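Just below is one structure, and these are the notes that go with it.
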Amino acid sequence: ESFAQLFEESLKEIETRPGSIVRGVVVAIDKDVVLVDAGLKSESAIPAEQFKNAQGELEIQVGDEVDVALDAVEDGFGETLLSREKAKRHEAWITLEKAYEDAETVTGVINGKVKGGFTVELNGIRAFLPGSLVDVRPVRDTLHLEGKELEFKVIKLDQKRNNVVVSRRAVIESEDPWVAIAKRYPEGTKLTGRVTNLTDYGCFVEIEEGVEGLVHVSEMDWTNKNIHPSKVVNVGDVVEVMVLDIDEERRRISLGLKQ
Amino acid sequence: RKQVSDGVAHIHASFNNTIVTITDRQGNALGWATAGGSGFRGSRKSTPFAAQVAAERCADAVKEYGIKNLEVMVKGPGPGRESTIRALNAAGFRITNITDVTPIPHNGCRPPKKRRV
Amino acid sequence: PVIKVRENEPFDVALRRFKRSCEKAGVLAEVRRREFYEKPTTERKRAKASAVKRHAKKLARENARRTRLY
Amino acid sequence: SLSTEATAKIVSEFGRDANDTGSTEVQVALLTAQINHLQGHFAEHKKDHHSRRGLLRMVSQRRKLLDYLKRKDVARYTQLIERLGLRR
Amino acid sequence: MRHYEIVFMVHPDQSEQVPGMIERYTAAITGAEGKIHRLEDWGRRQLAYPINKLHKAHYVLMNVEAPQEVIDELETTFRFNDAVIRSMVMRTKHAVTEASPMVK
Amino acid sequence: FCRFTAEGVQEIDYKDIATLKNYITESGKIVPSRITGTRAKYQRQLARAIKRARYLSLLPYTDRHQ
RNA sequence: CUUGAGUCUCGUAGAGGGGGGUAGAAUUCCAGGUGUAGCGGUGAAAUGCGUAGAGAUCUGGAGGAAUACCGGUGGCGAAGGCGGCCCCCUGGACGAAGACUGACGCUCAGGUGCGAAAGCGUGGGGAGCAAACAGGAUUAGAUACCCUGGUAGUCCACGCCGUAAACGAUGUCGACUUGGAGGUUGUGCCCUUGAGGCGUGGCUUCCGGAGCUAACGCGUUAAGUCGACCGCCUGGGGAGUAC
Numbered sequence: 003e004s005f006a007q008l009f010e011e012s013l014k015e016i017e018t019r020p021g022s023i024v025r026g027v028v029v030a031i032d033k034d035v036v037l038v039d040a041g042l043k044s045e046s047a048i049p050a051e052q053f054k055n056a057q058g059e060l061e062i063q064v065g066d067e068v069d070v071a072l073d074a075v076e077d078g079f080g081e082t083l084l085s086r087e088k089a090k091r092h093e094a095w096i097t098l099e100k101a102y103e104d105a106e107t108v109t110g111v112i113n114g115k116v117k118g119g120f121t122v123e124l125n126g127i128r129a130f131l132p133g134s135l136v137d138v139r140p141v142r143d144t145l146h147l148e149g150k151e152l153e154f155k156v157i158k159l160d161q162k163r164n165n166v167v168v169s170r171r172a173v174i175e176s264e265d266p267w268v269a270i271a272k273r274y275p276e277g278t279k280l281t282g283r284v285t286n287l288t289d290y291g292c293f294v295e296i297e298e299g300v301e302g303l304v305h306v307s308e309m310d311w312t313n314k315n316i317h318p319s320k321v322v323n324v325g326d327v328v329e330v331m332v333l334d335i336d337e338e339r340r341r342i343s344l345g346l347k348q
Numbered sequence: 013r014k015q016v017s018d019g020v021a022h023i024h025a026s027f028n029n030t031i032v033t034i035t036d037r038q039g040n041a042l043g044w045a046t047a048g049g050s051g052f053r054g055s056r057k058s059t060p061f062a063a064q065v066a067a068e069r070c071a072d073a074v075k076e077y078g079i080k081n082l083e084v085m086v087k088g089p090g091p092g093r094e095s096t097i098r099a100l101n102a103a104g105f106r107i108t109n110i111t112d113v114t115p116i117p118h119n120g121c122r123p124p125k126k127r128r129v
Numbered sequence: 002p003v004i005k006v007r008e009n010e011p012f013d014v015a016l017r018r019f020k021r022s023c024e025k026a027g028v029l030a031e032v033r034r035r036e037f038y039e040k041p042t043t044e045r046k047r048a049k050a051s052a053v054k055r056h057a058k059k060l061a062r063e064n065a066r067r068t069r070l071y
Numbered sequence: 002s003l004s005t006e007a008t009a010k011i012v013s014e015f016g017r018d019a020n021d022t023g024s025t026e027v028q029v030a031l032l033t034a035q036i037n038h039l040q041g042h043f044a045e046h047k048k049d050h051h052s053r054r055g056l057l058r059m060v061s062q063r064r065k066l067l068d069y070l071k072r073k074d075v076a077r078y079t080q081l082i083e084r085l086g087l088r089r
Numbered sequence: 001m002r003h004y005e006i007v008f009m010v011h012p013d014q015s016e017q018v019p020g021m022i023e024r025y026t027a028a029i030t031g032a033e034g035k036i037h038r039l040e041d042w043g044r045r046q047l048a049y050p051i052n053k054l055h056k057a058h059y060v061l062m063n064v065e066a067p068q069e070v071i072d073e074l075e076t077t078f079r080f081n082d083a084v085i086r087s088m089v090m091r092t093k094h095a096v097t098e099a100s101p102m103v104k
Numbered sequence: 010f011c012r013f014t015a016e017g018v019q020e021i022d023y024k025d026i027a028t029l030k031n032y033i034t035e036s037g038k039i040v041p042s043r044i045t046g047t048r049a050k051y052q053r054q055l056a057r058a059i060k061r062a063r064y065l066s067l068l069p070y071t072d073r074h075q
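Residue numbers (the entry's author numbering), protein chains in the order written: chain H, 3 to 176, 264 to 348; chain Q, 13 to 129; chain F, 2 to 71; chain T, 2 to 89; chain L, 1 to 104; chain C, 10 to 75.
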């Protein structure tokens, strides 16, 4: 009756758009496709690679619940964007938690700087930070035992584009993209960027707060022309890339991957 | 002749023939060479190789001036564009600036009519 | 496309950079375009035709894609 | 176009209520004034054809209005044409 | 009457004469009960390209609510005056009293 | 992803040279609305501003000219 | 009487029109410097320009014409058409609310006006381009295509001409009939918590349903379902010609 109308606004009230409410129960597993049902119009074709943790093998059997993401509806048939990004929000929440007590503590282990800041990895994910953040002083973890255990003390974060440089060792110590496009500029600043869509000439890795990068086909590997970028890297994956070129005018930052 | 350390190389690259002219920084031409002059005619002189050899010839010609530094100004569309500069480099000048100086009007004069072939 | 060779920069690299700059400018293309007079009508026609082609590529092909080849 | 103040003045004079504005007579007056204004312009600028089209249209409209007035109420029309000095 | 925005560029050798010129311009505006809402000597400035062979010039911004006759007169003065290289009287909707982004 | 919609500007200013400089080429040319992602309404205004600047020698018409 | 039609208020976007200024690039020519044998052109050549110093290159000057980028199945205009920037004069469109007028409307034979390009007249101008013309090729020939030159003309003023595949090959005005993806330009609300969310108007591009259609296709911008008025067709040629 209005039973159904009320039930509709009820079901509106008991779901939200992003990957927030851990609701999809894994109702069929087959390599290489997981699939859930979070109270959406259809079931997700999940990769297996959004769900294996830190050494390669699966972690969740039938009935298990992770939220995914949304705001994109129907490409022909199907429903979602991946739950792994979901996870990013959780990471953001832990990073935010720092603010409360002015100190987020986990483990951060940063061996080296792709682009001037040691890389820190938290749980499954690994992030890149600006060069200062790795060390509190001028200590430098190059003399430290390789891939050492500390935590991360945050030095610097870019707040829009996601780059976070964190503080290893020293426990005792405690319009918008395009005007100032000189931060990752200078010749070869390495970046960690998720690829988006590979347009048979390109790969379109673009992460640093509303920009566009290409890594088109010529570098990508150490073979030139026979490569076909879909075979050689991925879809949706955070990779090794650096700038090689910026035009701040005809917004074409032309990144590379042969480095 | 007065020796000069730094100068310009003007590379007039047409569809039919490349012309390389080495000059001082002020404008006064020191030497020049062409693909047509280098012993290439018609099909041959409208090629990168021809351009390169013209460039080489030009370089040879301005040996007595003792030119070390060189800025390149590349004009027009042609094969003799990249090749010529490479040749120049080989000949052994420190290439300082590489400028493009193609005359692009901002819609000015009417071009000649389109060929019917 | 004005360029200056950086200190301890290779020649080849510089050349490549220059080429890239030129490409960006679209100087050669521009030159090609202005070689001969294009009647206004012709210009119009090309533009519209090109647009049409683009549209065809975008939508019809997308529709095709939905169905598998084998 | 006709300046706001001028328009207001025109309305006040011819319009009975002064808030009315849409009275036939008032409208006619407005048209007439505009036409008068544009005469000066068109003396200067004889090749301004596009602009003249608008003027022509306005004139036509005025004529129509006059015609309408005539059938409805003759005396009023007569008065109007005395005021404005319209030959017909 | 009509809110104009004027920017004129003086020859850099006549930079010491500029204030007087400005004053004169103001005076004329005042004469016809014209207001002058902002006035900004930008000073000596490097030109993006060398107009009339010279590389720097002295820019003056000036916003004015004046009748058009006076504007015309001003324009005429500018054209004949050899100190002022370029001018650009340019209409505006409102008074725009707040300062320019290059002054700030 | 237009800047002027977000800022919410009433009119683009030719005097605001820095802003303009983001939308102009290394070669001096005005950058397309595809690349910048500027809104159409604003784009025209921006172009106009640039043109004005060029007239006032605030921006250059081109890189080569002198 | 107020639903059609119009008037008033405030805004909005616009290559809409007319007039007058100005800017920068590029071509051409002139004067001069540097410099030395080629340049130019084509499928390949030659005519042509060059040692009387060309081409290249730099400096200065003259003058005309057009406005790169922006720029878009974008915008404006009744159509023709309209594109750097600035000012002056000026026409239309749309939206927001109200207020007013009170059928004042629609269509239109004759009539009147506007009407690309070429063309004509008189007077200016003349850089580039280029009918005609000349030479060089090509060819069996080449009164063409290609090359080197090149005059009317293109440009401005004021007149005339009154036609174009002046095309959406689709008269104008009004009403009604499933949808989707855009673009552009308003405007109301909403925590603009952000580039957004939900509407509501105008103009516009593409796809497609019913229906229609000889089919192709059209499809809320109809070529569907209807009404009002006008224009026009009646086998091909002869002929849009003769008188």
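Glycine residues also receive a C-beta, built at the ideal position from the N, C-alpha and C atoms.
Within-8 Å CB hit, residue i to chain Q
i	result
F/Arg-7	no
F/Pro-41	no
F/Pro-2	yes
F/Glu-44	no
Residue burial classification, residue i (beta-carbon count within 10 angstroms, cutoff 16)
i	result
L/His-58	buried
H/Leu-8	exposed
T/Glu-83	exposed
H/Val-68	buried
C/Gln-52	buried
Q/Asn-28	exposed
H/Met-331	buried
CB contact check: residue i to chain H, cutoff 8 Å
i	result
F/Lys-54	no
C/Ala-49	no
C/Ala-58	no
Cβ-Cβ distance between residue i and residue j below 8 Å
i	j	result
H/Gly-302	H/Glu-295	yes
F/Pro-2	F/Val-32	no
L/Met-1	L/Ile-36	no
C/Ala-56	C/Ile-39	yes
H/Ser-169	H/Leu-135	yes
H/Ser-85	H/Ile-31	no
Q/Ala-47	Q/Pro-89	no
C/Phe-10	H/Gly-291	no
Closer than 8 Å to chain C by CB, residue i
i	result
H/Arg-273	no
L/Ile-22	no
H/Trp-311	no
H/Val-268	yes
L/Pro-101	yes
Chain F within 8 Å of residue i, Cβ atoms only
i	result
Q/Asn-101	yes
Q/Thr-35	no
C/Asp-25	no
C/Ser-66	no
Any C-beta of chain L under 8 Å from that of residue i
i	result
C/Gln-54	no
Q.
So if I threshold CB-CB distances at 8 Å, which residues from the segment 57 to 70 of chain F count as touching chain H?
A. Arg-67
Q) So, do the segment 72 to 88 of chain L and the segment 156 to 163 of chain H have three or more beta carbon pairs nearer to each other than 8 Å? A) no
(Q) Short of 9 Å Cβ to Cβ, which residues in the segment 16 to 34 of chain F face chain Q? (A) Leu-16, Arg-18, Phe-19, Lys-20, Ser-22, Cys-23, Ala-26, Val-28, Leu-29, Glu-31, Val-32 and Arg-33
Q. According to a CB-to-CB cut-off of less than 7 Å, which residues of the segment 27 to 60 of chain L neighbour chain C?
A. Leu-47, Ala-48, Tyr-49, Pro-50 and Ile-51
(Q) Give me the subset of the segment 330 to 344 of chain H whose CB atoms are less than 8 Å from a CB atom of chain C, sorted by chain position. (A) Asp-336, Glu-337, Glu-338, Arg-339, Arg-340 and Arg-341
Q. Which residues, in chain order, does the segment 59 to 89 of chain H contribute to contact with chain F at a C-beta distance below 7 Å?
A. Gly-78
Q | Contact set between the segment 18 to 42 of chain C and chain H, restricted to residues whose Cβ is under 7 Å from the partner | A | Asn-31, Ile-33, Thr-34, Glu-35 and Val-40
Q: Give the residues from the segment 115 to 129 of chain Q that approach chain F closer than 8 Å (Cβ to any Cβ), ordered along the chain.
A: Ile-116, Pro-117, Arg-122, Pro-123, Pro-124, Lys-125, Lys-126 and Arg-127
Q) With contact counted as at least three CB pairs below 8 Å, one residue from each stretch, are the segment 42 to 58 of chain Q and the segment 335 to 345 of chain H in contact? A) no
Q) Between the segment 17 to 24 of chain C and the segment 60 to 67 of chain C, are three or more C-beta pairs nearer than 8 Å? A) yes
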